[PDB]
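Residue numbers (the entry's author numbering), protein chains in the order written: chain E, 6 to 27, 44 to 74; chain A, 1 to 437; chain B, 1 to 275, 280 to 428; chain F, 1 to 102, 144 to 151, 159 to 166, 180 to 247, 252 to 362, 373 to 384.
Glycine is no exception: its CB is placed at the ideal position from the N, C-alpha and C atoms.
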Amino acid sequence: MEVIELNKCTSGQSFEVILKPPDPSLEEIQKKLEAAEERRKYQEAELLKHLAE
Amino acid sequence: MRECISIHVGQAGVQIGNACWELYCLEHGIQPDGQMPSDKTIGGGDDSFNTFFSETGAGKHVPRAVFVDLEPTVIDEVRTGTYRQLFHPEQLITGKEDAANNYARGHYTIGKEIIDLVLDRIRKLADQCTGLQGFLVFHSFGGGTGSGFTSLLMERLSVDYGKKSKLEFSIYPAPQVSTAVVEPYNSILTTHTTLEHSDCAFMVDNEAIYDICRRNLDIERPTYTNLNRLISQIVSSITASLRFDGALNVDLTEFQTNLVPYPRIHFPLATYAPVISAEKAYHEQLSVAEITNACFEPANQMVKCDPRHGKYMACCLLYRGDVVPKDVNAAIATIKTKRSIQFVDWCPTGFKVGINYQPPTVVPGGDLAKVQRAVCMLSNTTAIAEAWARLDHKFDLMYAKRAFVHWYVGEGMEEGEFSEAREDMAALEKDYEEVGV
Amino acid sequence: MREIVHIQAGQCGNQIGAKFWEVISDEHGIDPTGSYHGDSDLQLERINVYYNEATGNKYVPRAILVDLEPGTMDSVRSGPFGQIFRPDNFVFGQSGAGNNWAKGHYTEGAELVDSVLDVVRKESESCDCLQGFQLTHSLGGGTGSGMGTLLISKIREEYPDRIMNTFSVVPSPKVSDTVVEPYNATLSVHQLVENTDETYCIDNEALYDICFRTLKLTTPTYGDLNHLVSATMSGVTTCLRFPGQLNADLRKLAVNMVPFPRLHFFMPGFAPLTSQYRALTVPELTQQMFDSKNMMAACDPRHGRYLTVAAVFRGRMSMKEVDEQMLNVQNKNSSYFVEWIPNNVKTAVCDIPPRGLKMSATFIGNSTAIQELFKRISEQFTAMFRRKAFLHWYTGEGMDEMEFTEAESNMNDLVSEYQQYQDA
Amino acid sequence: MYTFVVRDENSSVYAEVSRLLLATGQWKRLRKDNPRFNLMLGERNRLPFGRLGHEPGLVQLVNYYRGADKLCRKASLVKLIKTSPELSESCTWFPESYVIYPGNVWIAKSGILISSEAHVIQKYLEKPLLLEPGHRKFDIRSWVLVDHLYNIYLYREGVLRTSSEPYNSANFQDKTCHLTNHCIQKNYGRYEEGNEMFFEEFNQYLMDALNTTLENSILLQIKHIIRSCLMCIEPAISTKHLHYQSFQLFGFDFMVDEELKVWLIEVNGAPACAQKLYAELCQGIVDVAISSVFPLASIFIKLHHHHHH
Ligand SMILES: Nc1nc2c(ncn2[C@@H]2O[C@H](COP(=O)(O)OP(=O)(O)OP(=O)(O)O)[C@@H](O)[C@H]2O)c(=O)[nH]1
Ligand SMILES: Nc1ncnc2c1ncn2[C@@H]1O[C@H](COP(=O)(O)OP(=O)(O)CP(=O)(O)O)[C@@H](O)[C@H]1O
Ligand SMILES: Nc1nc2c(ncn2[C@@H]2O[C@H](COP(=O)(O)OP(=O)(O)O)[C@@H](O)[C@H]2O)c(=O)[nH]1
Ligand SMILES: COc1ccc(CNc2c(-c3ccccc3O)nc3ccc(F)cn23)cc1
Ligand SMILES: [Ca+2]
Ligand SMILES: [Ca+2]
Ligand SMILES: [Mg+2]
Ligand SMILES: [Mg+2]
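This is how it looks when you write it as structure tokens:
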């Protein structure tokens, strides 16, 4: 059981032990936010057209 | 040193930030007004704790935190509460109307109208930093804001700060404490949209934490106060190496390098011991062997699952208190001969240890007992896909009937994004199975 | 989201609506003239949801009182709490509606509606963040039914993004003003399916039976039925009127209760049923609220399946015991809750009990058994409509037989749709 | 009023456990995709162990031990024996066995090949024990039930599944005399009904023919092999301190050689019981495995041995 890379300081210490070896853009985003505002606004227009009838 | 910005979104994120920042202040000796007697470099510094706190000329220590809720009531409790002077008004951002437990309302509808206000307040903190590392993001998978608004923020954070690391702290939904039926939809939706934008994510299953509170703290019916105070000890264990002198996990890139070799598989299981009731009159203090062994009990994990029927790609023992290397190796030696700790063929079967001599701090008049020594194990095991399968099944069940889908579509979203998100998860589960068998 | 705007329409709308303001004003420590003489700060913390603050710290109900005749609304002003309502919000016609839907919707009520909408807009404007509207009305007469559903349609046009709630009193031959009720109700259900997010179905059949069988009132008055209505209304608004973790609003309720948009007809239930000395144990509340005898809609929940449930316990009690008992009925009657909405029962507890009782439970259920209610009204409707009986009252105000046929078809579709999920 | 779900339609055993449970008054059955069960009676393939024990208010029990496949697939059983120190490569009761992928007689299996020329290859037991009058091979089948506490319950009735054709050294291709499986035979029932000799009979045969008993000559070694195999994997499969609990029924298959030495052939994860022994076994499953977890309003030997060394 080999206990390598031992580092010590006054607040603690650390080491490894080994038992055995072996993004969309600002355009694309502002676009598809707005396509969901299109469809939101279509849906509301269809409601107000139905209510007009 | 390199500075870190903590971002708290939704009720869950905000209340958990409160709990963390309270604990951070007790740990470093900072007080509710922001004064830190022990700090001698007045008006500035490049100490370890400055990664999380900035300084004013008056001597105030100010979180590198942004709280964001689409409704004001929870952030109002920070504004009018015990640590009110600690924060600057521009760090605390509120709307008038929540996301009503709807990912799509928080992401597309109400999200859109506030994303530019939030990114501007984040830039106000980023511009006080000599070398920003990146972000710790706190949120629920199940809330409409926590799920929906978080994923739009993560998308933008990648565009505006492309070189920086992003860590997630995520509350996985639990029926015991859950105030909504559509959290499975919200959780798969946000997990898909956030997956490429997060570098390392720590899931916390409210089920696990709630049972830890019943079983180990003898709390009849755990509040959020109880759950969160426990969660902040875990969070604090994980972030301590960013806030203190040491040589393990000293920056956010090292969390990714130590815990995440395969980058989609970036959900490390936290295990934590010991959790002991402050009302226990007589407590026999546990030893290194006992608490290192406690880290391989499922009952102490942040997500209930069975690591024995899975494989590890990394393990990390973060000790707090009276611990020395030779006690750890002696404990690791014992434990290896008893338990089933099968690693993947390409990774070295090993442990990266980190010890800090200062024992855990506990909130006065809290539920947790002070202890001589504690440990948080961070292991990337394939067993955590159990959590995805459950959440995926629940989604399949509801989605087969199209149940509740109309609320999402009505906020502009497309029925297609449901199966798209669910196919990514189908693939995610299949990745874990390849590596695991 | 806090402010709700309440509208009460017609005889029934204003009778039950008066009792609601009587019940909740006592719960929030407001007196017959409008002053606060309470004791707990929890009483005033969300008083803003239903009341406006006025000159001299008076609290004024955000309430619009609508009728086509002044009979009922002179009674409301006469009655115990009448002097609290804002006098400009009393909007009334003269000739009434003669239990005729058409007069409410198309002729008499059309004349009056634009004045009601001016008061609605007045109350709507001086609101920090309006969540929506609740209407009290019956479906069986002409004003609350026809005019009420006309209002709803107009409110939706002007405020298409706000929530619409109804407490809608469904009619019964057991408590019956006229033979045309099934007609009026079927015309209003057709409106409610399209233009509300949530409807509490208060069946007068169920209130009569609770009064007769379970409360030993041999000859039940409307006062006895409305005693049950205002206790149910008190219960299903508790989570909006008090704290403190559940950030409960009308939209959240709509999102979690309504998996399919047309299926938003809720069966309410209350325990214990009253008109006592021994307080009920949590097991008993839990048995009682789920009992058919305790439902405000005359439907056997064993004949259907629960899509979603919301339960609200009032009093000082162990939340440990409340979860245990709420999990017991689910685990012991699991066939009756749909497997394809996991965790469909959500429970909440509030420390303030209602006047009289030390502890109580209110139930809100979107069960598929509600179809039985719409089937009952569909049958009474057809009995008459197949011989076009009583139609001349409606065709004389310009309505056509085709409009009745349409409406009969929408309701029968609703019934088919509820029947679809009982077998899935 | 406990609840259960059934998800293996082929289980003859758990068809009977299902029937015995209903005929009680205290156990209701549910539809297979209802989550709200106390007892799962699960499936042979892809049992979703990661969904159990996450239903608040229910204790959940299942009739399989996750990981127990490492004892029941032949390839992995050979790997477990060779690699585990507590049953080493020098294991006296397991036939010398080797794995390569797709007196010196061998057998190959996972279509079966017995030869010297040519999955797992295994030494063939050239001189087995033979029952007279007959001159014929057999194999023993022991049923074992591990409960939620990891008590190992051997069932007192085993069964010899006999061959009914004289055994042959020089002729390996004839399968009725070399392979003693209950299917492969159907002289099917000449000496005993359906090629089954139970223990009372086989004991008397040993008494009369060999001057010993079944207990001393064979059963001690069976009890040692069962206890050794299950205590080996206990740490890997125990459900003590776990959020759901497991029991499971296993079938161990043995061969006795001519000098009365028992050898483990194979362990079986979904065994079927013998026709006579259903009622007694399936009742005992309910007693010991199920009703211990869910109490209402012996036939096993318990395997335990704490020798101090
Ligand atoms: N651990 C913990 N979990 C919480 C807390 N608050 C909420 N949750 C959980 O988070 C989920 C709900 O998400 P919330 O954060 O309340 O929702 P939100 O982000 O405020 O968004 P909306 O209310 O939908 O606008 C559920 O699974 C809750 O149990 C908390 O303070 N601590
Ligand atoms: N090494 C060996 N020596 C002698 N006989 C052997 C042997 N390996 C297998 N056999 C015989 O072959 C027969 C069948 O082989 P095996 O028991 O491996 O498969 P199986 O699948 O039929 C058992 P089960 O289905 O009951 O679990 C047995 O009756 C046994 O006697
Ligand atoms: N529960 C209850 N039902 C009522 C009340 N008043 C009238 N009804 C019922 O309401 C229907 C008649 O409607 P009503 O409100 O009088 O007519 P409108 O004034 O024209 O709207 C019938 O089904 C009556 O039984 C009441 O105070 N309580
Ligand atoms: C699946 O069922 C539901 C889930 C969420 C909600 C939203 N808010 C709410 C309500 C509620 C909301 C509006 C008005 C009256 C009310 O009584 N009552 C509860 C009780 C428990 C709880 F968890 C939430 N509740 C409602 C139902
Ligand atoms: Ca300094
Ligand atoms: Ca007129
Ligand atoms: Mg919220
Ligand atoms: Mg009338």
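Query - Heavy atoms of ligand 7 versus C-beta positions, residues under 5 Å - result: A:11, A:98
Query raised in the report: Can you tell which of B:314, B:201, B:193 has its C-alpha closest to the C-alpha of residue 260 of chain B?
Result: B:193
Query raised in the report: Taking contact to mean at least 3 C-beta pairs separated by less than 8 Å, is the region 48-65 of chain A in contact with the region 8-27 of chain A?
Result: These segments touch.
Query raised in the report: Considering residue 271 of chain A, what are the terminal residues of the alpha helix (DSSP H) in which it resides?
Result: Residue 271 of chain A: not part of any alpha helix (DSSP H); member of the beta strand (DSSP E) spanning 269-273, first to last residue.
Query raised in the report: Which parts of the region 305-337 of chain A are runs of the beta strand (DSSP E), unbroken and 3 residues or longer, counting only runs that do not cross its ends?
Result: 312-321
Query - Among B:292, B:75, B:247, nearest to residue 12 of chain B - alpha-carbon criterion - result: B:75
Report task. Take the Cβ of residue 152 of chain B as the centre, count every other Cβ of all protein chains shown within 10 Å, and call the residue buried at 16 or more, exposed below. Result -> Sixteen is the threshold: when 16 or more other Cβ atoms of the shown chains lie within 10 Å of the Cβ of residue 152 of chain B, as they do, the residue is buried.
Query raised in the report: When the Cα atoms are used, what is the spatial distance from residue 86 of chain F to residue 218 of chain F?
Result: The straight-line gap from Cα to Cα measures roughly 28 Å.
Query raised in the report: Cβ of residue 261 of chain B less than 8 Å from any chain E Cβ?
Result: no
Report task. Let me know the secondary structure DSSP gives residue 147 of chain F once reduced to three states. Result -> strand
Query - The alpha helix (DSSP H) enclosing residue 385 of chain B, as first and last residue numbers - result: 375-389
Report task. Can you have a look at residue 108 of chain B and say buried or exposed, based on whether 16 or more other CB atoms are within 10 angstroms of its CB? Result -> Buried: at least 16 other Cβ atoms inside 10 Å.
Query raised in the report: Should the region 331-348 of chain A be called in touch with the region 305-314 of chain A, which here means at least 3 C-beta pairs below 8 Å?
Result: yes
Report task. Drop a sphere of 10 angstroms on the beta-carbon of residue 365 of chain B, count the other beta-carbons inside from all chains shown, and report buried for 16 or more, exposed for fewer. Result -> So residue 365 of chain B ends up on the buried side.
Query - Beta-carbon proximity of residue 66 of chain E to residue 108 of chain A, cut-off 8 Å - result: no
Report task. Compare the C-alpha of residue 263 of chain A against each of A:280, A:166, A:77, A:325 and name the closest. Result -> A:166
**Report entry** Amino acids of chain F, ordered along the chain, whose beta-carbon sits closer than 9 Å to that of residue 322 of chain B
**Finding:** In chain order: nothing, as chain F lies at least about 15 Å away.
Requested in this report: Report the rounded CA-to-CA distance for residue 89 of chain B versus residue 65 of chain B, giving the unit in angstroms.
Outcome: 6 Å
**Report entry** residue 229 of chain B (DSSP reduced to helix, strand or coil)
**Finding:** In the three-state DSSP reduction, residue 229 of chain B falls in the helix class (H, G or I).
Query raised in the report: Which residues, taken in chain order from the region 134-159 of chain B, show a beta carbon closer than 8 Å to some beta carbon of chain E?
Result: 153, 156, 157
Query raised in the report: Does DSSP put residue 91 of chain F in a helix, a strand or coil?
Result: coil
Query - Rounded Cβ spacing between residue 5 of chain B and residue 133 of chain B (contact assumed at less than 8 Å) - result: 5 Å
Query raised in the report: Is the shortest distance between the beta-carbon of residue 28 of chain A and the beta-carbons of chain B less than 8 Å?
Result: no
**Report entry** Contact with chain A by residue 384 of chain F, beta-carbon distance below 8 Å
**Finding:** no
Query raised in the report: In three-state terms, what does DSSP make of residue 184 of chain F?
Result: strand
**Report entry** Under 8 Å from the C-beta of residue 340 of chain A: neighbouring residues of chain F
**Finding:** 300, 301
Query raised in the report: Can you list the residues of chain F that residue 298 of chain A reaches, using a CB-CB cut of under 9 Å?
Result: 306, 307, 308
Query raised in the report: Is the region 191-209 of chain B close to the region 311-329 of chain B, with three or more CB pairs under 8 Å?
Result: no
Report task. Over the uninterrupted beta strand (DSSP E) stretch that includes residue 135 of chain A, give me the two end residues. Result -> 134-140
Query raised in the report: At a CB-CB cut-off below 8 Å, which residues of chain A make contact with residue 66 of chain E?
Result: Under the 8 Å cutoff, chain A gives no residues; its nearest Cβ is about 13 Å from residue 66 of chain E.
Query - Residues that residue 404 of chain A contacts on chain B, provided the C-beta gap is smaller than 9 Å - result: 255, 256, 258, 259, 260, 345
Query raised in the report: Taking the alpha-carbon positions, what's the residue 356 of chain F to residue 383 of chain F distance?
Result: 33 Å
Requested in this report: Please report the residue range of the beta strand (DSSP E) in which residue 413 of chain A lies.
Outcome: That residue, residue 413 of chain A, is in no beta strand (DSSP E); it is neither H nor E in DSSP.
Query - Through-space distance from residue 204 of chain A to residue 301 of chain A, alpha-carbon basis - result: 9 Å
Requested in this report: Using a cut-off of 8 Å between C-beta atoms, extract the partners of residue 72 of chain E located in chain B.
Outcome: 153, 156, 157
Query raised in the report: If we count Cβ pairs, one from each stretch, closer than 8 Å, do we get three or more for the region 393-410 of chain A versus the region 355-362 of chain A?
Result: The region 393-410 of chain A vs the region 355-362 of chain A: no contact.
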